Structure formats: structure tokens, C-alpha cells
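Observations on the three-dimensional arrangement
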Amino acid sequence: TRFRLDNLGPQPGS
Amino acid sequence: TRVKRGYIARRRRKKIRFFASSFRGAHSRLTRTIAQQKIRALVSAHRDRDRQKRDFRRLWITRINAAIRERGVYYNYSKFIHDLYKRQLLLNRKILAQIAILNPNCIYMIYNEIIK
Amino acid sequence: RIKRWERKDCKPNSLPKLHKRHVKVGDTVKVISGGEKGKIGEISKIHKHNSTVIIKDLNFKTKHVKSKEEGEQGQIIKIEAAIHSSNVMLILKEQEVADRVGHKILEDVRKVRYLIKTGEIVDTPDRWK
Amino acid sequence: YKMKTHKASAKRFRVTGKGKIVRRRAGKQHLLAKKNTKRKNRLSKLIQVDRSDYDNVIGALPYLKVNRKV
Amino acid sequence: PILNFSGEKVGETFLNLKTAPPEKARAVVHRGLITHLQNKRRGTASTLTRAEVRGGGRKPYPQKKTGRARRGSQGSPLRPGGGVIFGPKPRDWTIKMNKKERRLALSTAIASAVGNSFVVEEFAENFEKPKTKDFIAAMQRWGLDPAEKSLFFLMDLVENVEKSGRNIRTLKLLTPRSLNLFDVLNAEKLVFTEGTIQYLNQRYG
RNA sequence: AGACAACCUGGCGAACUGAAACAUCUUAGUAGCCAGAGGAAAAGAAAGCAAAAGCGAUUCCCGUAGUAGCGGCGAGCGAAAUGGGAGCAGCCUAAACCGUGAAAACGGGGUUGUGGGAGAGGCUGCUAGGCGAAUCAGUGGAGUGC
RNA sequence: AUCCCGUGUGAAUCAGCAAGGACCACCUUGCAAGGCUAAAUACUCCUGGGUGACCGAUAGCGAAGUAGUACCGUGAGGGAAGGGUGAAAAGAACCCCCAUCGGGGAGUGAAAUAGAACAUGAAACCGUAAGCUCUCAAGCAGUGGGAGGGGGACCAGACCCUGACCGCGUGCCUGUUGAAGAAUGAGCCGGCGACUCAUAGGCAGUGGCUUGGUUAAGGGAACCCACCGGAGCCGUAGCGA
RNA sequence: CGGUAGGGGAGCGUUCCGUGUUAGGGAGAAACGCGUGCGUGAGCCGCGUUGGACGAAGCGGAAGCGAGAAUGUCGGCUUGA
């Protein structure tokens, strides 16, 4: 699984 | 980023109106009055569903009482219920009253062999 | 209607604006785009501010001319119309083919508009040279 | 813009090494003859500000380095 | 993993590339994207408050003894014509992030980008004039495909190759000068040069 | 001579407000009026900083710092030097002396800080322009979309 | 203290004068009472070039239409509203009603359920048509039960419209000890219409670094941005005025 | 597991941006009006008519982001008749 502008999100709680 | 409201208002007020579209006069066609009335309709529904359960029972009791008094001159609903539990017999009021309507023969038959 | 917003854009010095355009009046053209595709005609009148040329007998367009003066019938005059330069294109009439126009400096001092694909000159008509 | 310190209050509340707010006691500037030797000794010394009033003191001056015990 | 090579259309695979990413924090790449996007954003949204409006600073009618509700101004934020209560103003959005967090974020996306990644040997000596035709031919040689998206990391970018590369929209040539985090996410296929691998393997290992 | 959006220099100069009232104080030398001028204006080449170690005209940003302080020691007000940058550039004049009465009114002699003087011994850009690659059809108003 | 001023006084000349936060001494620094001087800095009635997690006709300049107009005011001054037939006017020759207006055929057009009052065309409000249904009723108008009647070109103990008659049921909001209230607010319908932003302080959640951490301005084939900039700030010693 | 002030947790939508000049769309999008689907709800989802060209998700982001009350305010239209 490679990082793209599709995949990204924050971590729970930030 | 100006955000016009547009779509979001009357798409819900249609749904508000969909309820009240059997109501009589102003209540059926006036936004804020519909919004005032729908709530009250739902409240009277919720309130009367619990009134239902006791009121049907109360009807049934009267039916059964009316049925049973036509047997002996002094025999009466109050005694009848205790005579059922004396013999251990778990027929609820609904069944008893509805058979009393639809098949009075069967109430005659239950009355006959409870006494002994 | 005439439409109020949509008119000749005046410059600062009270004059309408114009477009360079590939076409001139003394010219034969094939239509690339629109309803009358492929038909071959000539340019007659030329509205500069729109980039719209008027081809003789092409935009066949009916018109119900009401009687002007007397108690008579008038008649339905089938007239031409305008047509946008981008839709038209420059035909050769040797190979009878369209083109896309280009300029070149000739031995004769003047600058002229040759074609591509049978690059033959299109500059000796109307007033002429 | 960047918080001004409440330099009226600041001058009555110092903070200690471990981080507690400390004040001086009230009473012993004048009319001393009529008080005892005893009570002037208790009025000489510093103690903590009461936990109730920390809120106002910290709120007044916001560059203290003050540790409510955590 | 280990990367691939290409002399000029033919493989001879070697260089490895070691780089340092985190473990259970993709959130770092997300944050590094968001910061990038925020700091760029121009922020030219401007409205007038009831002060700034061109309008009459006067009571229209008296406070008492008319059935009308008490009015302050006609350019009031309840009438149309001048208001906009908490409306946007020419506002900057530039947030900080640390150095090492940015650098780590750049490292992680690259680390996860090997798999799709690619390397070549220098090819700046081919292009005498600028030619897009030959460039696209070399793309189809390597198999990068004018349809898909690509990012050419090129440690020392040459004139003639840059100019030929310019007009391919899907393509995107990058020096270490204009290295970008958005772009390394943007690309489908990365394609390095031997020097680039020395640079990144040194600087982020 | 008048005109001129703001910015700027100089003159005059409020009050509501804050202080839970209010007069010191704050609002503020702000708003307003008045006069003046430029593309910027004002400042500016030490009778200056600083401490026994040093710096070298201004002006602007970061900082020191909400620190030193001031304050019905209340509300509040609030620096600078050291340090990092942006940008740098330095000049002329009067008298003591000289000449044509003499402070009749003109030229020369000099103007400097860990003391200085004179005296006597065509080049490019802008204001017009110019040349400038490569596609065709099916698609039922119209095709660049399929 | 330093700097400048009205009133009155009133020096000295580098063996001098002034400053070093009263003041005196000693050091150090400078030379007041004549002038001039680019840059970095401030701004937008305005011109050119670029950009927009800006507006889209109740928005955006007040002003998308010959707007500071119409209009009001003695006067200073205040101050509106009103965009979208079509690709192309092809804007309806002719016939009928007929003095006009307008209308129906015709014709044009992809469309005239685009005809100039013309594009999408919501609600209130005004009707026309069909299904059921009120003239011994009493009612915040619904709700639970449901008589009798009607369906939908799709064969259901299913579903929808009406609703004989029964039982229950004191409009909403604000704001009160307490409001069906004869306390307040709204004629109705649609739009606009309110805890925001900048900078700091505390706290929590999350992340990075922990060889302590972090850079500010400022520099970047601008803005973001690699990559520099360690000047400062926070933590590493308290105690006492 | 009643609940006003009030605190805490979990969500839905609105326009705009990244992905995206995505697929989906003049064999019909946005809208507009109807549904004998769904959800605890805010809301979602399919429909063929009117409509005549825009533009879903999903993963993320940002606000002029949700209205019935302000003798609110602008426009329309009633009542009294």
C-alpha cells in the first residue's frame, strides 16, 4: 500500500 | 466561501408537510403551523398507543361481563374470573370475549363445565 | 430583441473593436462546421466586430415581410444570414480542398496568404494585384 | 495582543522553587503596640495563597511558572 | 526492496536506496500534505462589515412612538444592503510545521513509493536541440506511458531535456531544488537518476 | 496662485468611553478642522551610545520583553543597550587672516577628535506591430463530447 | 537626569565647554547654539502583467440598465429599485373574430406546454375538474378505534383517498415559584439574518524530536516549497529584600 | 437508560478545494416536484416526468454552513370586502 492523495487521513483524536 | 441555503430548507419542509396532508384547513398548508401541528399529532399518537392497551382490555371485560350475566340470575364477571383461576385456566380476556362474540356456544360450554 | 448588453465594445476613444481574421471578401470558402457543412460559397459582406461573414446563398432563412404601405399581401422573402469565421475555411478550387492559411513574403515586395497542402497563393482578386 | 502582566498583583505574589504561589500576611504595618509578641511572629512570615484564590492570581499574571500540583 | 535500472531502454538493476520512515504513523504524511496545502492557499476572500460599508450613519426614525421596531442604521446587518456580520477578510493561513517532521514526511512517501519506482542512467547527452518527440519515444521505451502520471527526479537538470519535457502535462521534472511532498504523492511512477539515489540515500538514511 | 484617493510634515485639538461612580489618570496627542509638499515625507552625519571591554550618521524588521520601570503603585502605560538582519554615503558654510574706507560688500585661505586650524617664520527597455507547428469522418437543431 | 519653551537673569572658549538618570570628585565619551543629503520604509483615485478552497444579481462597489441617476430636502445632506426568447430575428407573410388591444389557425424553429408580460419556475394566494363527505350541531381540529362509499390499463386477508360514530387530547416560543393562558412575540409564504477572526496565556488530545528541543526576521528561476539563517526562547539550582 | 439550566461522547447535511480536465451525463446532469426502499435520527437511496447542461462517490480539507420566533429585514401575496 503506497501513499497518495487518495489514501491519507489524520490519526483518531488529533 | 458564501454558502446560500436554498435546497436544504423546503426539502425537509416537504417531508414535514407530507405528514399533515390529510389535515383540515390552515393546518395542512401553512409551513410553521404545520411544523407546530405535526409534533402534536405524533405526541397524541404515542400517548394513545398506551391508552389502546388498557382501553381494549376494558372493552373486552365489558363484553365478557355482558355475556356471562345471561346464564344464572346471580352469576357475574367478578366471580367468573376467580372461578377460572380456581380451576387453573389461563385464557386471557381477548380470547374469552372474542369467542363470546363469534361462538357463544363455546362460552356456554366453558360456563357449564367450570361450575361442576 | 436587440439586447442591450450585447453590442460593439467601444474602445476608450469611442470606436468599436475588430478582429484580424484569416478571411477577406473576394474569397471562396468551404464550411467546416454547422448545419450547412461542406457547402462551397463566396464571401460578400463582412461584419468585423462579430467575426461573422455573410456568404451569398447558404444560410437559407425564411422571413415573413409584412406589407409596408398599402393593403397588399407582402411576401415571404427567403434571405441569407451571417456565419462565424471559425466555422468557414478557405477552399482551393484546383484540387477542390480546404486548408489552413499562412503568410509569406514574396519577391514582389508585398506579403501574401499562401495555403498549406498545394500551397498556392490566394491574393489576386476584387480590387486586385 | 501579547498578554500584559497585571503588575499591580504581580508585586504581591511571588512563586517558590517547587512552584507554589506565596504571599505576605496582612495586619502588621501599624497599630503594633496593642498586638502581642506572639501574633506578630505569625504575621511576619510567608504562606501559600489558598487553593480558592489561585484562579484569580494565575489569571491576573500569566508568566509565572506556577505548578498547581500535577 | 531493490530498485531497477535502465541504460537507454534496457535493464541492469543495482542501487538499493535506504531511507527512514515511521511505523504506525501515516498521519505524518497526512499532516505534511495538509500543511503544504494550507500554506499555499492564497486566501483572498474579502467582505465589508457594517462600519466599512458606504452608507448613512444615522437613525432613520425615532426610537419610540411608531409601530416599527427600533432601527440603528439603514446599512444595518439585517437589511439587505450592507452588513456581513462574521464575514471573511484578507486572511493568511500559514501554519508552522517542524523541520524534521517535514523531512520525515518527505522520506516516508518516497519509502512507500519504491515498488512503483524506477531508476535510469544519465541521458542528457542525447538531446542537442529540444525535442518532445524523442522524449515521448524514450518514455514509451521505459514504459512510463503518456496516459499515466510521472515524476522525474533529476539531480542536475539540463536545459534541452527540461524544455522537451515541459509540454508533457502528465510529466513533471524536478531538481532537488523544487522537491515537493505533494508531487511524490501525485506521481504514479517515480524515476530517479544514479546521483539522485546517492543524494536521497545519503541525506535521508 | 488652483486642483489632487490614501500615505506624510507642521499648526490647533475634542468627547463618549475605561477606571465597574469620578476629578488625577485613560480614551489621545486619536478623531476632526487648518496649512504645506513629495513620490515618498520626515529623520540624518555624534556637544551620540557604553563601561573600563568596546561601537562608529540615519531609517525599517526580528529580538531583548510584556523584562527594567512609571502608575489615585488603581485602571492601566511600558523602554533602551548588548544581539540578529534590510540597506549603507557622506558633504558644504561663518570668522581669526587676506585685499579694493570699516561690522558699505564682495573674491581667496581653511571647517577637524583619543585636538584641529589659519597666521608669522551611442546602451537597453517602454510606446505600434510582425512571422508562428499539427484532424478527419460517423454521431437525427448544432459537435470541440462518445 | 536628558530635550524644548514664556518670564527674568546671564557665562566660558579647548589650562575650555557638555554628557555619562540629583549632586561633587576622578575617569571616559563627544564637540551644541549655520545648513544639505540617495537607499532600505509608509500608501492606492490609478496603469500594465499575473493569481483566487472570492461574489454571482436580497451577493459583489451604493451603482452588471445613459447611478450618485430617479426621488426627498431652503440647505449642508440623504438616496433607491429594476439582468438571462433563440444557435440564428428566422420576431409570426396570409386567413378568421375585429375600431383597437389581444386571441385562434397558418408559417418559421430542435422546442412557440421558447411568442417579446418570452430561459429553469418552489411556496403563500386565486381558481377549474374529478372521488368521497357535512344543514340537531359544542368544536387548538388531531389522535387510537373504525361504520358506509370510492380506487390503481399491474388478479393483494396488501396498499391509498374519504370518514357514520366513540374514547382520549388546556397552539407554539420566550420566561417564570407558577403561563391554555385574558403575560410577551409572529397576518401568511420565500429569501437575508447572530460566539467569528488576529495575536498572546493556561489546559487537553495528537504528532515530531529527546546526541535537549526550537528557530525569528531575512534569503528562495516570487506565493507555497527544498535548503540555509542558532540572533533569541523554553528546560538544566535554589535561597534571601 | 425521566429530565430545565448545564457538562461530556457520537454523528448527519450545506457550498467550496485536493484526488479530478475521474465515470456519469443532449439515448438527459444540476434543479423541481413524487416514492406500498432504507436509518435511532439529522438524512440516505432508486424512480420516470417537467427540465435543459453540468457533475457522484470514497479518502481527506476549509468555512459568509443548517432558522419559526428578534414590535427582526427585503420581496411577494392575503384578510377586513
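Described below are features of the structure shown in this document. (Residues numbered from 1 in each chain as written, not as in the entry; some residues may be left out. Chains lettered and ligands numbered in written order. Part of a larger assembly, values for the part shown. Heavy atoms only, no water. Residues with missing side-chain atoms left out of burial classes, pairs and counts.)

A word on the protein's contact with RNA strand H
The cut-off we apply is this: Here a residue is near a molecule or strand as soon as one of its heavy atoms is found within 4 Å of it. Polar contact criterion, stated in full: a pair of N or O atoms within 3.5 Å, where within protein one must be able to donate a hydrogen and the other to accept it, and residues adjacent in sequence count only if both atoms are side-chain atoms.
Close to RNA strand H lie 43 residues; B:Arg5, B:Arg10, B:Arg11, E:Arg79 and E:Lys149 are nearest. When the atoms of RNA strand H within 4 Å of the protein are sorted by group, sugar and phosphate make up 68%. Note that a sugar or linking oxygen of RNA strand H is positioned 2.7 Å from one of the side-chain N or O atoms of A:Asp6. In the model, a base nitrogen of RNA strand H is placed 3.4 Å from a nitrogen or oxygen of the B:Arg2 main chain.

Here's the deal with empty space enclosed by the protein
Residue and element names in this part refer to chain B. Rules: Lining residues are those with an atom within 4 Å of a point, where the points come from a 1 Å grid over the protein atoms alone and group into cavities, where a 1.4 Å probe fits but cannot get out, or pockets, open sets with protein on both sides within 12 Å along at least five of seven lines. Grid points are joined across faces, edges and corners, and a volume is the space filled by probe spheres set on the points. Each residue gets one of three labels, nonpolar for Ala, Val, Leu, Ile, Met, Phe, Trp, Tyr, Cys and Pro, charged for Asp, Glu, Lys and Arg, and polar for the others, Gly among them. A run of H or I in DSSP becomes a helix once it reaches four residues, and a run of E becomes a strand once it reaches two; helices and strands are each numbered from the N terminus.
Estimates place the volume of the largest cavity at around 70 Å³. Residues of the lining of the largest cavity, tallied by class, amount to 5 nonpolar, 2 polar and 2 charged. Each pocket or cavity is described by its volume, and for the second largest cavity that value is around 50 Å³. Counting residues per element, the ones that place at least two in the lining of the second largest cavity are helix 3 (77–86) and helix 4 (93–102). Broken down by element, the residue count for the lining of the second largest cavity peaks at 3 residues, all from helix 3.

Here's the deal with a positive patch on the surface
Test applied: Within this analysis, patches are made of residues with over 30% relative accessible area and no salt bridge. Like charges are joined at 9 Å or less; nonpolar side chains (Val, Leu, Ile, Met, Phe, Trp, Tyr) at 5 Å or less. Computed by Shrake-Rupley with a 1.4 Å probe, the accessible areas treat only the displayed protein chains as cover when residues are assessed. We define a salt bridge as a side-chain nitrogen of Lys or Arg found within 4 Å of a carboxyl oxygen belonging to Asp or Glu. In summary, the charge assignment counts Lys and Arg as positive and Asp and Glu as negative, without counting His or the chain termini. Note that the charge is assigned to NZ on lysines, CZ on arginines, CG on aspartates and CD on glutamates.
Residues B:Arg5, B:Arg10, B:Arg11, B:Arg12, B:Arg13 and B:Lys14 make up a contiguous surface patch of positive charge. Along the chain, B:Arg11 falls in helix 1 (residues 10–20).

Topic: helix 6 (residues 194–203) of chain E
This is how the line gets drawn: Each residue is placed in one exposure class: buried if its accessible area under a 1.4 Å probe, protein chains only, is under 20% of its type's maximum, exposed if it is over 50%, and partly exposed if it falls in between. Between two residues, a contact is recorded if the distance between any of their heavy atoms is within 4.5 Å.
Buried residues of helix 6 of chain E: E:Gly195, E:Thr196, E:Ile197 and E:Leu200, and no others. Residues of helix 6 of chain E that are buried in the fold lie against strand 1 (119–120), strand 2 (150–153) and strand 4 (189–193) of chain E.

With respect to helix 5 (residues 104–115) of chain B
Residues and elements named next belong to chain B. Here is the rule we go by: Given a helix with a known number of residues, its expected span is that number minus one, times 1.5 Å.
If you check helix 5, its first and last C-alpha atoms are 17 Å apart, about what 12 residues at 1.5 Å a residue would give, namely 16 Å. Taken together, the buried residues of helix 5 touch helix 2 (31–68), helix 3 and helix 4. A positive phi of about 65 degrees marks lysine 116, the residue just after helix 5.

Things to note about the interface of chain E and chain A
Keep this limit in mind: What counts as buried area is the accessible surface, traced by a 1.4 Å probe, that two parts surrender upon association, with contributions from both included.
Listed as interface residues are 17 residues of chain E and, on the opposing side, 10 residues of chain A. Both sides of the chain E and chain A interface together cover about 1300 Å² of buried area, and 58% of this is carbon and sulfur. For the chain E face of the interface with chain A, the top three residues by lost area are E:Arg26, E:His30 and E:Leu185, together amounting to 42%. Summed over the shared surface of chain E and chain A, the number is 1 salt bridge. The salt bridge involving E:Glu188 is made with A:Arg4; its shortest N-O contact spans 2.7 Å. Counting every contact that joins chain E to chain A gives 5 residue pairs in polar contact. Among the secondary structure elements, those contributing two or more residues to the side of chain E that touches chain A are helix 1 (27–40), helix 2 (99–113) and helix 5 (181–186) of chain E. When the residues that make up the side of chain E that touches chain A are grouped by side-chain class, the tally is 9 nonpolar, 5 polar and 3 charged.

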